[PDB]
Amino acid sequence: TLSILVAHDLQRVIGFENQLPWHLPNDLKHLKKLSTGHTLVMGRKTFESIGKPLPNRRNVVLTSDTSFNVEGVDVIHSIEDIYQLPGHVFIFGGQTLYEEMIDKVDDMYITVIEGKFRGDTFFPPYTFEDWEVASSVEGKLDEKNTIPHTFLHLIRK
């Protein structure tokens, strides 16, 4: 199973200066819940910004750099390599990977961040006429989680 994993704002901003534009602990908990025990594929810039593999899942980095060899990370050098990855595979950014994979994934787990942030990277436009809402759940807010957000699971029609 091949799934997109992403948080984007009302204008589909996903990043600014190689980091998330928002601070939202609950969404990171959500994404770790979805992906534990599975596989995260990420482009090189996204990986470098995280800086270290996420524990308790297979971390795969897509890069053209043949000198890339990081402890606890598997490297791939083509999109085609993604299809050889066994199990539930999550496409986890950044913009380049989303653009390359959005026409290929089975479904998408999207957190809509219900705000407008300054961004330099975007999730590609998509339409609900291609995607059925399997679920839509409003995130609960508190002191440390102050931006309204909605967890979507969309499945390709």
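Numbering starts at 1 and runs along the sequence shown.
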{"property": "Average Cα temperature factor in the PDB entry - higher stretch of 111-119, 44-52", "result": "44-52"}
{"property": "Between 64-72 and 91-99 (mean CA B-factor, as deposited), the higher", "result": "64-72"}
{"property": "Which of 11, 145, 135, 18 ranks first by CA B-factor in the deposited coordinates", "result": "145"}
{"property": "Residue 3 by Cα B-factor - lowest, middle or highest third of the modelled chain", "result": "middle"}
